[PDB]
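>>> once you've seen the sequence and the experimental structure below, I've got questions.
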Amino acid sequence: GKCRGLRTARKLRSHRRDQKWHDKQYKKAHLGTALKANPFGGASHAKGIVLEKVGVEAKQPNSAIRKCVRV
Amino acid sequence: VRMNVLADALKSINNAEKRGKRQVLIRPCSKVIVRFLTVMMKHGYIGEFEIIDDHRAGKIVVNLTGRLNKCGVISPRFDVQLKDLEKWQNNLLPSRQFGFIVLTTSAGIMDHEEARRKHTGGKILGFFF
Amino acid sequence: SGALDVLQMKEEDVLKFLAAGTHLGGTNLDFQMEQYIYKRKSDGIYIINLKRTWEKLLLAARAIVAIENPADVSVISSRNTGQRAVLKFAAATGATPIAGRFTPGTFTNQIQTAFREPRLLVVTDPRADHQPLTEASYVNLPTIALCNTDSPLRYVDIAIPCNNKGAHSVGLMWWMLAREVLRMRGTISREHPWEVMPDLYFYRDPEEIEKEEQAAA
Amino acid sequence: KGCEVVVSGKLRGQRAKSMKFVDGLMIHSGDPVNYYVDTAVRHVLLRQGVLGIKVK
Amino acid sequence: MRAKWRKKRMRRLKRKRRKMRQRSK
Amino acid sequence: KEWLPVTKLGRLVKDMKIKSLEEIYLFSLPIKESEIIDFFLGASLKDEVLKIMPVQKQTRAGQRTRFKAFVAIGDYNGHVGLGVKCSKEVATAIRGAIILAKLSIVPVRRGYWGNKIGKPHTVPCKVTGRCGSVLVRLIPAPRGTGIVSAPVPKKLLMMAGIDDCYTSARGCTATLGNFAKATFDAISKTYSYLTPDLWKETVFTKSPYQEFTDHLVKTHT
Amino acid sequence: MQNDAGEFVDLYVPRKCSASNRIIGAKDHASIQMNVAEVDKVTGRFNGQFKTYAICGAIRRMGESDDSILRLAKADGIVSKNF
Amino acid sequence: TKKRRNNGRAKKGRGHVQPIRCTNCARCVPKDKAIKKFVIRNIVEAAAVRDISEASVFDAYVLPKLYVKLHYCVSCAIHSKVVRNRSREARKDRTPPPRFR
Amino acid sequence: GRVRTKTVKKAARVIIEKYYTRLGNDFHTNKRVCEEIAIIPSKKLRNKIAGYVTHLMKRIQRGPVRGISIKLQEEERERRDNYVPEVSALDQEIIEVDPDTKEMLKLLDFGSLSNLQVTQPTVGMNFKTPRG
RNA sequence: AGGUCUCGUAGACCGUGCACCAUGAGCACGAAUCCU
RNA sequence: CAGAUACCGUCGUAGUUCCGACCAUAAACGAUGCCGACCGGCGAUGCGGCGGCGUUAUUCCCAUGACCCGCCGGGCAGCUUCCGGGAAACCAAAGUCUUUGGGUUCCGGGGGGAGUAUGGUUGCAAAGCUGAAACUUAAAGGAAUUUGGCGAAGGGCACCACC
Ligand SMILES: [Zn+2]
């Protein structure tokens, strides 16, 4: 704490409000853009229809063909 | 500028106690500083303190002894009640065997023990152990 | 250490101090030596109060006589000035001398053959002999130092203010320390003059040795 | 006045490694190595290979 | 690349984009 | 298997004219023989290995590796120690660490929580240790609480004899050397705290050297 | 060090410094314990008693221990008062 | 990391100083940063002094000297072997190098 | 070149420290002495040892050597260090003294001494070298 | 009247920048305790 | 030079200089906000003041200027330190901080996207101030020690190097 006075509470509250807004994990859950861009829409599970079976590949160290599906 | 004289007095006492000195010189005097040092010296942490009287603001020279650990202030003066004292001595004191919180009270400048058995509370000043 | 009337300088000691020149010190002053200064005279030379020197010498004599084993006192010197003086001190008072090249580790390493375990330490100069003081600090071991007006007063307990730059002053201080220790031990009478020869503690450079050998037999 | 035992081969692993154990005095060069030290090199038929012994 | 010439390149790209937007009226 | 004491303190201990190591701790004498403690503390002195961290120093060809072993020792109703030794293999590192742990054991005092009834169980004050970035704080606890901490200060506190404590660490405590040395500094700073329990002016007794120097000069050089 | 019964429970009482009244630890090797001999009143010899002063390692590390020893000797009565 | 107590210069209470030019190069370097060498040289160095003195009109003629102050940039001074790199403990030594004659 | 090793120098130092009345300046005589009194398993080592003994004694009959100690140059130093003069060189017939320390002695325990005379101070104070 | 006044002659800092000189895909690394 | 619209050399336009009107940006850095108190020593330095043997503006006196010796107050800085702090380099402040609170303003929550898009605003213009998100990654970083290589430096060696 910097502003340490007896009747200094709205300054501390507003400063912590802006510094809480100036975050990443809290800002992700308090803006609608992250929820709208999420294809699940804030849901745990989801349903879908299979279009085609694709095959994607692993990264630099290990080499395999990780088999996925486009839904 | 100078805003709290008791804070600077206790910081000077703490610094000269850590350095191993035998006497200090608090530059401004006040009634609360004299009462706070009276609480320490009645509880047996310092010696006789001389008040050098002049016509502006007195200076206090206490006979320091190897008996003190720390002196501090709590700024600003937070008001406490009887139900709030337990938390303050829990998070402020080393043990439950010694150490005192001096707090401002309508009965006078007095520590937390007689604030407990006089059934009264007020604003806090500082601590020493 | 001088509170009585038998432990003070009468006539001869002040004359010896004035002859050797122990009253005059260095140009520089340490802040822990403001006690043992009378006044600065001209040409930037500090004057040492002789009564404080006598009191500190008496206190160091009490410290030496306070332990009963004479071998536990260890006397160190490394400079060429106090070479013979520390050996004559160890011959008189029974101390243990280390004269020339105080090798490190003698107080901490117990495998080295020079592993001594003393109880009291006496040195000649804290500026020059900074190595026995740290090894003295690494164990519980108090020390005595013959300090000048500019030596760094640190890790010492009885600082005797004197002149450690001249051979005569060093030898005189060693001789008075030896006779004070011998008088407190009781082996030397107090009323009888023990001033036999103070010159045995005085070092001389080898050109003076060749000059003395040419002058005498 | 000294000894040196070294064990060579594969030891709890596929990659081979050598563990040398020495204490005391051990000379290597000159003629006095010939009539002072005695060196024997034998083998151990373990289940995973052959192990080397060199003592002196 | 270093930050100074990258900032110059991005300034040039922003100027070209602003010119294209102001000519796309 | 024979003791040949090099220091005079070891000869004074071996000749059986000292009573305990408590006077040695009172006079703050240095101990440089590891098995003086083995003479004093017998079968109650147990050790457990904390961590073996391998270190490497790169050279002309490859990296020369070495093993650093941490061990903690101490009886369960008093003194506690900690020792570090790094050498080539593991066994001599553990042996040297055990020797250095027996060499440096510190005493503990224990206080009470509120009511002073029976034997002490907890830390008397709010002590604090500091080394590196690890900040170890020990807080007194009521009876029957138990040592609540990380496992390393937990086992060090049951080894030190402290039964009930509240701890709160801060910093990079993953490094076990800094964590263990910081909690050892927190435990060892317990007597170095002036409380009004012992404000009375002390009496100075005679050192063992000046009272058994007749035995020393009669026995050795 | 005491309890409700009043019995002693501490392992040892630690020595306090005679200059700063600070606790001398069990691992403070720089701390000393100086012995000062007295003298006979008339004959001027070693009578046999001891005078003991203890200086903690912080004072010696500061390097201001001779002033403390001189003050304690003046308080005890060894050093003459005029000095 | 910080390498020196100062910043390789002697600017403590200014913020701006006059820039000068190097001698070998033409690099604009501040005045309190550049390495300076005030060399006092003579016209005839070591063997021509007797050549002038024997073949002269005026007897007992003193030879005049040349005075010049040299301003060096840091890279030019290290490249021209004026100053060298020093160890971490010997970097804090501000004495001039010793001279024999 | 020709630089001796630890064994030659150490063996030469100990044979001069233990023997002096038998060894001399001639190389063949102390070579045969080093054959007789010391166990040397070779001959080049013997010759190098005897040569370094010859060089070391050529040093010793000129001056002292700090590496070794033999009895003949021993106790001549203690004769040199145990001398006494006639006059004690401190009880001289007149002692010069400064006015400031004379006024210090006037307030210490004395009023006048029988062996001191006050000198005159300098006209000016200039006691440090020009540094700045 | 005497006739080269004396002690040793590092009696080395003449030279300053200095032509052209780019690139190496990586498979291949194991992390240690007690003796009847 | 393989290429040289680069390093180098010869010319040379706006600019560099002054007046008048504009933008408000720098490694604008002590990369260390401002006020106030305390906590070691030393020798110097610039200003003002105080005191003192002596030399000089030619020989006596006073004030002044110039030196010598000290003291006070403010300022740019230096050397040493087991005060103390820190991850360390280091710092007499970056100390008096788990024994955590003297007053007060601005500001940062892993790296990239990104000082980016849009909106507002300022400017003749170049551009300044305010300032996201989608997406992607398990690292990006700070201090220090030995073998690493320097078309880095200082000393030595080799006919598997040279003259
Ligand atoms: Zn240049």
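Cool, got the structure. Residues are numbered from 1 along each chain as shown, chains lettered A, B, ... in the order given.

>>> can you report phi and psi for the residue of chain F found nearest chain A?
Distances between chain F and chain A by C-beta to the nearest C-beta are smallest at residue F:170, namely 18.3 Å. Yep, even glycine has a C-beta here, placed from its N, CA and C like the rest. Dihedral pair for residue F:170: phi -150, psi 130, per degrees, to the nearest 10.

>>> which SSE is the nearest residue in space to it that is not next to it in sequence in?
Using C-beta to C-beta, 6 or more residues apart in numbering or on different chains and skipping the chain neighbours, the partner closest in space to residue F:170 is residue F:135 (4.3 Å). Element membership of residue F:135 [criterion: DSSP states H and E] is strand F:134-140.

>>> going by proximity to chain G, name the top residue of chain B.
For chain B, C-beta to the nearest C-beta, closest residue to chain G: residue B:66, 2.4 Å.

>>> what about that residue, which SS state?
coil (DSSP: H, G, I helix; E, B strand; the rest coil).

>>> distance-wise, check it relative to residue C:73.
To residue C:73, residue B:66 is 31 Å away according to C-beta to C-beta, to the nearest Å.

>>> residue D:7 now?
57 Å.

>>> those two - which one has more neighbours?
The neighbour comparison of residue D:7 against residue C:73 (other C-beta atoms under 10 Å in any protein chain shown) goes to residue C:73, with 24 against 16.

>>> which element is whichever residue of chain C sits closest to RNA strand J on?
In chain C, the residue found nearest to RNA strand J is residue C:207; the distance is 19.6 Å by C-beta to the nearest atom of the strand. Per DSSP H and E, residue C:207 falls inside helix C:206-215.

>>> excluding chain neighbours, what is closest to residue H:78?
Per C-beta to C-beta, 6+ apart, closest to residue H:78 is residue H:84, 7.3 Å.

>>> wait, a helix at the one you found?
No: counting by three-state DSSP, one finds residue H:84 to be coil, located in no helix.

>>> for residue D:15, what are its contacts?
Applying C-beta atoms under 8 Å, 6 or more residues apart in numbering or on different chains to residue D:15 gives no contacts.

>>> look up how far chain B lies from it.
57 Å (C-beta to the nearest C-beta, to the nearest Å).

>>> state the distance from that residue to residue D:9.
11 Å.

>>> and for residue B:65?
73 Å.

>>> what ranges do the helices span in the chain?
No chain specified, so I'll use chain A. A:10-21, A:25-28, A:32-37 (DSSP state H).

>>> should've been chain G
G:57-62, G:66-76.

>>> how about residue I:80, what does it touch?
Contacts of residue I:80 (C-beta under 8 Å, 6+ apart): residue C:209.

>>> so which bits of whichever strand or helix holds it are buried?
Using DSSP H and E, residue I:80 sits in helix I:76-81. Neighbour counts over helix I:76-81 (16 or more other C-beta atoms under 10 Å in any protein chain shown) mark residue I:81 as buried.

>>> next helix or strand past it?
Taking DSSP H and E, what comes next after helix I:76-81 is strand I:95-97.

>>> what's the first helix or strand after that following strand?
helix I:99-108.

>>> out of the helices of chain G, which gets nearest to chain B?
That would be helix G:57-62 among the helices of chain G, by C-beta to the nearest C-beta, at 7.0 Å.

>>> contact residues of chain C facing chain G?
Residues of chain C found near chain G (C-beta under 8 Å from any C-beta of the partner chain) are C:1-4, C:6-7, C:32, C:35, C:51-52, C:55-56, C:59, C:62-63, C:65-67, C:137-142, C:152-159, C:183-186, C:190.

>>> which of those residues count as buried?
C:1-3, C:7, C:32, C:51-52, C:55-56, C:59, C:62-63, C:65-67, C:137, C:139-142, C:153-159, C:183-185.

>>> returning to that earlier point: tell me, which of the residues of chain C next to chain G make contact with chain F?
C:67, C:139-140.

>>> tally up the residues packed near the closest residue to chain B within chain E, please.
Chain B sits closest to residue E:3 of chain E, with a gap of 44.1 Å, by C-beta to the nearest C-beta. Neighbour count for residue E:3, taken as other C-beta under 10 Å: 7.

>>> that one and chain I, how far apart?
For residue E:3, the distance to chain I - C-beta to the nearest C-beta - is 47 Å.

>>> for chain G, just list every one of the strands.
G:32-36, G:51-55 (DSSP state E).

>>> the first one to helix G:66-76, inter-axis angle?
This means strand G:32-36. 40 degrees (axes from the mean of the first three to the mean of the last three C-alpha atoms, to 10 degrees).

>>> pull the residues that contact strand G:32-36.
So strand G:32-36 is contacted by C:59, C:62-63, C:66-67, C:140-142, C:157, F:27, F:204, F:207, F:210, G:15, G:50-55, G:60, G:69, G:73, G:78 (C-beta under 8 Å, 6+ apart).

>>> and stretch H:10-17, by the same measure?
Against stretch H:10-17 from outside (C-beta under 8 Å, 6+ apart): H:6, H:30-33.

>>> which of those residues are buried?
H:32-33.

>>> nearest to chain C: which residue in chain H?
Going by C-beta to the nearest C-beta, chain C is nearest to residue H:89 of chain H, at 18.7 Å.

>>> number of residues surrounding that residue?
7.

>>> quick revisit: from the residues of chain C next to chain G, which land in helices?
C:51-52, C:55-56, C:59, C:62-63, C:65-66, C:137, C:183-185.

>>> show me where chain B has helices.
B:5-18, B:31-42, B:85-92, B:112-117.

>>> could you list the buried residues of the host helix or strand of residue I:52?
Applying DSSP H and E as the criterion places residue I:52 in helix I:44-60. Across helix I:44-60, burial judged by 16+ other C-beta under 10 Å covers I:46, I:48-54, I:56-57, I:60.

>>> what is it packed up against?
helix I:6-18, helix I:27-37 (3 or more C-beta pairs under 8 Å, 6 or more residues apart in numbering or on different chains; DSSP states H and E).

>>> and the angle from it to helix I:6-18?
Going by the same axes, to 10 degrees, helix I:44-60 makes 50 degrees with helix I:6-18.

>>> convert helix I:44-60 to CSV, retaining C-alpha atoms only.
C-alpha atoms of helix I:44-60 as CSV (Å, rounded to 0.1, in the frame of the first residue of the first chain):
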residue,chain,number,x,y,z
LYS,I,44,74.3,-38.5,-11.5
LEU,I,45,72.1,-37.7,-8.4
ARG,I,46,75.2,-38.0,-6.2
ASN,I,47,77.2,-35.7,-8.4
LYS,I,48,74.4,-33.1,-8.6
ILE,I,49,74.0,-33.2,-4.8
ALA,I,50,77.8,-32.7,-4.3
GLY,I,51,77.9,-29.9,-6.7
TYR,I,52,75.0,-28.1,-5.0
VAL,I,53,76.7,-28.6,-1.6
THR,I,54,79.9,-27.0,-3.1
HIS,I,55,77.8,-24.0,-4.4
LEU,I,56,75.9,-23.7,-1.1
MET,I,57,79.2,-23.6,0.9
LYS,I,58,80.6,-21.1,-1.5
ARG,I,59,77.6,-19.0,-0.5
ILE,I,60,77.9,-19.7,3.2
